Every structure is written in C-alpha cells, then in structure tokens.
Chemist: 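Okay, here's the structure, questions in a sec.
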Amino acid sequence: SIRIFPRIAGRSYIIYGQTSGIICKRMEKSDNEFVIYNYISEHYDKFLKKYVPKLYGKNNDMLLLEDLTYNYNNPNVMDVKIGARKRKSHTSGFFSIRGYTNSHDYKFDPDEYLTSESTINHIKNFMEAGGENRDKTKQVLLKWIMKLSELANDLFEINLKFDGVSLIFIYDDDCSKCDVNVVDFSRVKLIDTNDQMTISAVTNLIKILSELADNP
Ligand SMILES: O=P(O)(O)O[C@@H]1[C@@H](OP(=O)(O)O)[C@H](OP(=O)(O)O)[C@@H](O)[C@@H](OP(=O)(O)O)[C@H]1OP(=O)(O)O
Ligand SMILES: Nc1ncnc2c1ncn2[C@@H]1O[C@H](COP(=O)(O)OP(=O)(O)O)[C@@H](O)[C@H]1O
Ligand SMILES: [Mg+2]
C-alpha cells in the first residue's frame, strides 16, 4: 500500500506516488502551498520551470510533485532553509541547514546554532559520500554555483516573501549528476518588493560553495 518517502527534514506527511517519479505531500494546515504554486505559474512561469519541482496535480489535500530524487542511483540530499524561519533566527546566520543524507553519522543537530567553521564542516560532511575525486566534487559545486547565482539574480525581480522555503541540494554518489531546487511554498506571501533576506541566504551559500570549489 503506502511507502513513506525518506524526508531529510520538515514535518509534513510525504509518501511515494503509486506511480514512478511522483511524491504526494499533504497540505497540513491550509491549501496556501497550492495557491502559491498557481500564483507563481501565472506570474513567474519561467521561475517555476527553472527552479521548482513540477506540480502535476492535486488529490484532495495531497500535492502530486516531481520526485527530485528519481533519476539518481545514489542520491545525497541536503535541505537548507533560505526563507525566514517562523520565530527563531538562522542557525548559520543567513540560512539554516535542516538536514542531509548521513547527518546522524556526524552528530548533526538541527537545533544547534553554528559558527562559520561548523557550517562549512557540515557541508563538507554532506559532500563526503562523493568520494576522493576532488575534480568531480568540484564540478558538482560549480554546477550548484551556476544555478544558485542565476536564482539570486532572478529573485531581484520577484515580489514574494519566501518565508520557510528550502533549497534541496542533490548529487549522485558517482558525482555524474547534481541539481538544486526551491521547495515548500506553504508560508510564501505576496509583497510589493523583493525578498532581500532570501537573496542574502542564496548569496551567502554561493560565497561558501565558491570557497569550497577554490580550496587548494
Ligand atoms: O523555525 P522554522 O520556521 O524553521 O521551523 C518551524 C518548523 O518548520 P520545519 O522545521 O517543519 O520546516 C515548523 O513550522 P511549520 O514550517 O511546520 O509551519 C514548526 O512547527 C515551527 O514551530 P511552531 O509551528 O510550533 O511555531 C517552527 O518554527 P519556530 O521553531 O520558528 O517556531
Ligand atoms: N519534490 C521533492 N522531491 C524530493 N524530495 C522532496 C521534494 N519536496 C520535498 N522533499 C523532501 O521532503 C522534505 C520536506 O519537504 P518540504 O516541502 O520542506 O516539507 P515541510 O513543509 O514538511 O517542511 C525535504 O527536506 C526533502 O527531503
Ligand atoms: Mg520545509
């Protein structure tokens, strides 16, 4: 019957679709996530196509979403919250890592406030599954930098407050494939300017990933 999806973070009920390449995410409190997918579809379709998993449909309170992990033999996933948290400040100042594949092995704790040193170490821990080939992990980082730098650019022209949105970083163990996408629109709001807090989150990650890519 029901196969639970292996979430990295969050609190939402998420299951595999009965069909390949789909995940079903329950909207717990309101349909606001659906309203925001549809708004972005009508007002910023290009943003939706570049950065956001496909919404294929709705079944009562379930969103049918593209499984970002589907085309991977051995996916490693990191969830980084880049939008404002509800009440708390960010564990790494401009963003909060919420989890990653194998994080329990490094005693990662999502409640722990981190220094720059510990933040960088947790991202390094996440890259460990990618093996010893410096050149291949560096190509993963550069492709993430490529898409995040375009996202930061595009966000200047989008009049949404991306409260609670996450970045889902994915790379294959063999480092042949990687991506990053924006998920979780449940608390996103209309506003009459751009979201400088969320832009600062992305530019700060671009800065951290760039030092990792340039490390000797
Ligand atoms: O601090 P946040 O905003 O990163 O964390 C929220 C938390 O989000 P998440 O960890 O499920 O993504 C849950 O909120 P929802 O995203 O589910 O609405 C927690 O329930 C929420 O606590 P609360 O809903 O009981 O206020 C966390 O917020 P808070 O710790 O800032 O209060
Ligand atoms: N489209 C997706 N494809 C693959 N994994 C996803 C997708 N959306 C969410 N996830 C997984 O589910 C987790 C929680 O997703 P999110 O939308 O942030 O839900 P919540 O509202 O519970 O925080 C993420 O950390 C990630 O592991
Ligand atoms: Mg979330």
Side-chain angles (χ1 to χ4, degrees), residues 2-17 19-37 40-41 47-59 61-104 108-114 119 122-123 126 129 144 147 151 160-172 177-189 195 197-198 201 205:
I2 308 189
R3 295 149 54 220
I4 306 290
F5 191 76
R7 280 145 55 212
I8 252 20
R11 275 110 145 308
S12 271
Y13 178 68
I14 302 172
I15 62 172
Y16 286 100
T19 269
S20 280
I22 295 181
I23 61 156
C24 304
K25 162 171 186 191
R26 182 173 289 140
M27 306 188 279
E28 299 291 355
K29 311 182 187 198
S30 70
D31 68 350
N32 185 53
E33 188 157 20
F34 184 69
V35 179
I36 296 288
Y37 266 91
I40 296 176
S41 186
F47 180 90
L48 193 71
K49 283 163 184 162
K50 281 195 198 136
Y51 301 115
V52 181
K54 225 90 173 31
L55 176 68
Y56 302 118
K58 187 164 108 289
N59 185 44
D61 58 341
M62 309 293 292
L63 293 181
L64 285 57
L65 291 174
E66 180 191 349
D67 177 1
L68 294 172
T69 66
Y70 187 64
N71 299 316
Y72 291 80
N73 291 324
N74 287 97
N76 303 259
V77 185
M78 183 175 46
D79 177 328
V80 180
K81 183 109 57 139
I82 60 172
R85 309 184 77 189
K86 242 157 115 182
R87 281 169 71 157
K88 303 175 156 144
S89 60
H90 276 308
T91 60
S92 309
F94 293 111
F95 59 81
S96 321
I97 302 160
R98 304 322 296 140
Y100 60 93
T101 303
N102 297 317
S103 73
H104 193 71
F108 174 80
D109 181 10
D111 301 318
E112 190 191 4
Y113 288 76
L114 301 175
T119 298
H122 278 301
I123 296 171
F126 169 57
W144 285 334
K147 190 159 169 185
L151 167 61
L160 294 182
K161 209 189 184 310
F162 289 92
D163 292 346
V165 318
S166 278
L167 252 25
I168 305 301
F169 292 82
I170 312 188
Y171 75 94
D172 198 286
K177 209 209 323 304
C178 68
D179 203 3
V180 54
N181 289 286
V182 178
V183 307
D184 190 356
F185 292 83
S186 58
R187 300 179 14 228
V188 170
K189 297 169 183 58
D195 187 351
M197 267 197 280
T198 294
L205 282 164

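Whatever order the structure lists ligands and atoms in, that order sets their numbers, starting from 1. All residue numbers refer to positions in the sequence shown, counting from 1.
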Chemist: Which one of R11, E28, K86 has a non-hydrogen atom at the shortest distance from atom 28 (O) of ligand 1?
Modeler: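 Of the listed residues, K86 has the closest heavy atom.
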
Chemist: Ignoring hydrogens, tell whether any protein atom lies closer than 4.0 Å to atom 19 (C) of ligand 1; use the non-hydrogen atoms only.
Modeler: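 Neighbour list for atom 19 (C) of ligand 1 includes protein heavy atoms (cut-off 4.0 Å).
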
Chemist: Could you find the nearest protein heavy atom to atom 32 (O) of ligand 1 and give me its residue, atom name and distance?
Modeler: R87 CB, 4.0 Å

Chemist: Do any nitrogen or oxygen atoms of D184 come within less than 3.5 Å of a nitrogen or oxygen of ligand 2?
Modeler: yes

Chemist: Give me the nearest non-hydrogen protein atom to atom 1 (O) of ligand 1 as residue plus atom name, then the distance to 0.1 Å.
Modeler: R85 NE, 3.2 Å

Chemist: Quick test: of every protein heavy atom, which one is nearest to atom 27 (O) of ligand 2, and how far off is it to 0.1 Å?
Modeler: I8 N, 3.0 Å

Chemist: So, for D172 and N73, which heavy atoms are closest and what is the spacing to 0.1 Å?
Modeler: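 Between these two residues, the closest heavy atoms are OD2-N, 3.0 Å.
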
Chemist: For ligand 2, which atoms sit closer than 4.0 Å to a heavy atom of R7?
Modeler: 12 (O), 13 (C), 27 (O)

Chemist: Check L205 against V80 and note the closest heavy-atom contact, atom names and distance.
Modeler: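 Closest approach of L205 to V80: CD1-CG1, 4.0 Å.
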
Chemist: Measuring from the heavy atoms of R98, does anything fall under 4.0 Å of ligand 1?
Modeler: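 The answer is no: ligand 1 sits nowhere under 4.0 Å from a heavy atom of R98.
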
Chemist: Which atoms from ligand 2 have a heavy atom of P53 less than 4.0 Å away?
Modeler: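 Those atoms are 1 (N).
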
Chemist: How far apart are the C-alpha atoms of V52 and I40, what are their side-chain angles, what is the distance that settles it, and do they pass the side-chain contact (heavy atoms from CB on, under 4.5 Å) test?
Modeler: CA-CA 10 Å; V52 181; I40 296 176; 5.7 Å; no

Chemist: Measuring to protein heavy atoms, does anything land under 4.0 Å from atom 25 (O) of ligand 1?
Modeler: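 Neighbour list for atom 25 (O) of ligand 1 is empty of protein heavy atoms (cut-off 4.0 Å).
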
Chemist: Taking backbone and side chain together, does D184 place any N/O/S atom at a distance below 2.8 Å from the Mg ion (ligand 3)?
Modeler: yes

Chemist: Hey, looking at atom 1 (N) of ligand 2, which of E66, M27, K54, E28 has the closest heavy atom?
Modeler: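 Nearest option to atom 1 (N) of ligand 2, by heavy atoms: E66.
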
Chemist: Going by the atom numbers of ligand 1, which of them fall below 4.0 Å from some non-hydrogen atom of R187?
Modeler: 3 (O)

Chemist: So which protein heavy atom does atom 17 (O) of ligand 1 come closest to, and at what separation?
Modeler: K29 NZ, 4.0 Å

Chemist: Any chance OH of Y70 has more than 12 other-residue heavy atoms, nucleotides or ligands included, within less than 6.0 Å?
Modeler: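 Atom OH in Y70 is not packed in, count stays at 12 or less.
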
Chemist: Which pair of non-hydrogen atoms, one from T91 and one from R85, has the smallest distance, and what is that distance?
Modeler: CG2-NH1, 3.8 Å

Chemist: Can you confirm whether more than 12 heavy atoms, excluding those of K147, are under 6.0 Å from its NZ atom?
Modeler: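 For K147, atom NZ is crowded (more than 12 foreign heavy atoms under 6.0 Å).
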
Chemist: Evaluate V183 for polar contact with ligand 2, using N/O atom pairs at a separation under 3.5 Å.
Modeler: no

Chemist: Where the closest heavy atom to atom 6 (C) of ligand 2 is concerned, which of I168, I23, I170 has it?
Modeler: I23

Chemist: Taking 4.0 angstrom as the limit and counting only heavy atoms of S12, give me the atoms of ligand 2 inside it, by number and element.
Modeler: 20 (P), 21 (O), 22 (O)

Chemist: What's the shortest heavy-atom distance between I14 and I23, and which atoms?
Modeler: CG2-CD1, 4.0 Å

Chemist: Ring centres under 6.0 Å, that's the criterion: do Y100 and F108 meet it?
Modeler: yes

Chemist: Do any N/O atoms on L68 end up under 3.5 angstrom from N/O atoms on ligand 2?
Modeler: yes

Chemist: Write out the residue and atom name of the closest protein heavy atom to atom 12 (O) of ligand 2, then the distance separating them to 0.1 Å.
Modeler: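 Going by distance alone, atom 12 (O) of ligand 2 is nearest to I14 CD1, 3.5 Å.
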
Chemist: Between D31 and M27, which heavy-atom pair has the shortest distance, and what is it?
Modeler: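 Shortest heavy-atom contact: CA-SD, 3.7 Å.
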
Chemist: List the closest protein heavy-atom neighbour of atom 13 (C) of ligand 2: residue, atom name, distance to the nearest 0.1 Å.
Modeler: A9 O, 3.4 Å

Chemist: Indicate, as side chain, backbone, both or neither, the part of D79 found under 4.0 angstrom from ligand 2 when only non-hydrogen atoms are considered.
Modeler: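 Side chain only.
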
Chemist: From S186 OG over to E28 CD, what is the distance, rounded to the nearest 0.5 angstrom?
Modeler: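 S186 OG to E28 CD: 10.0 Å, rounded to 0.5 Å.
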
Chemist: Measure across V77 and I8 and return the closest heavy-atom pair with its distance rounded to 0.1 Å.
Modeler: O-CG1, 3.4 Å

Chemist: Going through the checks in order, is the side-chain contact (heavy atoms from CB on, under 4.5 Å) test met by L48 and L55?
Modeler: CA-CA 10 Å; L48 193 71; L55 176 68; over 6 Å; no

Chemist: Please determine whether any non-hydrogen atom of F5 lies less than 4.0 Å from an atom of ligand 2.
Modeler: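 Yes; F5 lies near enough to ligand 2 that a heavy-atom distance drops under 4.0 Å.
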
Chemist: Give the residue and atom name of whichever protein heavy atom lies nearest to atom 17 (O) of ligand 2, and the separation in Å to one decimal.
Modeler: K25 NZ, 2.9 Å

Chemist: Does a donor on one side chain sit under 3.5 Å from an acceptor on the other, for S166 and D184?
Modeler: no

Chemist: Using a 4.0 Å heavy-atom cut-off, say whether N181 meets ligand 2 through its side chain, its backbone, both or neither.
Modeler: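 The answer is neither.
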
Chemist: Can you label the angle between the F162 ring and the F47 ring as parallel, tilted or perpendicular, going by 30° and 60°?
Modeler: tilted

Chemist: Considering heavy atoms of the protein only, find what lies nearest to atom 8 (O) of ligand 1 and give residue, atom and distance to 0.1 Å.
Modeler: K81 NZ, 3.6 Å

Chemist: Quick check against the 3.5 Å criterion: does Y37 have a side-chain atom that pairs as donor or acceptor with the backbone of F185?
Modeler: no

Chemist: Just to check, does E33 reach to within less than 4.0 Å of ligand 2 when the distance is taken from its heavy atoms?
Modeler: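 Checking ligand 2 against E33, which is what was asked, there is no heavy-atom contact under 4.0 Å.
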
